[PDB]
């Protein structure tokens, strides 16, 4: 057995049972449609829309979006008409899979090459044609998985796709507030577009990586304990996760070229992330309050645990960034005299 559903299924627990039922129906429909089809990796095609759905489930997208992630390829390859996807999964799931597949072609057609701000007018083209932003998110999840599996492609295609992601899709994830997605698109694009510079920067970081993650883990273990042993915070919380922030390799090398610095000359600010999953609240309004309330509760315990550097609290929950970015940030003195940046946000805020 393929066993792809058994990997996706756990990621779907945030959906109501009726919604997970729509996603199982979508999985089987995709399973049937792509039967016998193969990816250039030698893996059966279904591996891709399952990976794409899995990315959207990680991002906690609505049921129609994740089901559309499984069906996002069925129309072109498999003798499936859009009428079938609307008849079987409703018009929003069709709308989205039709939109993700249709835009792929528009970018092929569009004449903007070597043009002053060509990516700006091409990014706006998708923005203008796709009023339901879910279409863009599915396209971003698709491009991410394609990049994740870019080794099974000619090196010519590898750089064409990496550059296109760097001009179009990574900036589109920025506009949409999907920074988690944006970072990964950037680093994966950087890997294939400039391989020589990626392999050199990665090697330098892999020398101090033994000590850096050793320190970051002391702070993670300590902050995990502190949060878990706080009875009131846990009373309003379903779950939580404390992680180390990954080095944004593309941005690190980008600032080295611009500021004319070396990887030794640039300051490695250690950062940790607290992701909070609040417990289901009896009303929609009470759920919204809990979301805010739980991040400020954490800010306080972080300040009880580590001494806060003055003027480093940043409240993007009260005042989100222009792309709708919401998180709380505080720079503290942790690790015996070291600056540690703490990012605090909910599961819903983590995009």
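Positions refer to the first chain, counted from 1.
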For this session: Check the entry's C-alpha temperature factors for 196 to 204 and 271 to 279, then say which stretch has the higher mean.
Result: 196 to 204
For this session: May I ask you to compare 281 to 289 and 30 to 38 by their mean CA B factor in the entry and name the higher one?
Result: 281 to 289
Seminar exercise, completed: Of the residues 188, 140, 153, 178, the one whose Cα carries the largest B-factor in the deposited record is 153
For this session: Please work out which residue in 83, 264, 121, 132 has the highest C-alpha B-factor recorded for this crystal structure.
Result: 264
Exercise. Within this chain, which third does the Cα B-factor at residue 126 fall in: lowest, middle or highest?
Worked result: middle
For this session: Can you work out whether the C-alpha temperature factor of residue 256 puts it in the lowest, middle or highest third of the chain?
Result: highest
For this session: Place residue 99 in the lowest, middle or highest third of its chain's C-alpha B-factors, as listed in the PDB entry.
Result: lowest
Seminar exercise, completed: Here the Cα B-factor of residue 90, set against its chain, lands in the third termed middle
Problem set entry | Cα B factor band for residue 149 (lowest, middle or highest third within the chain) | middle
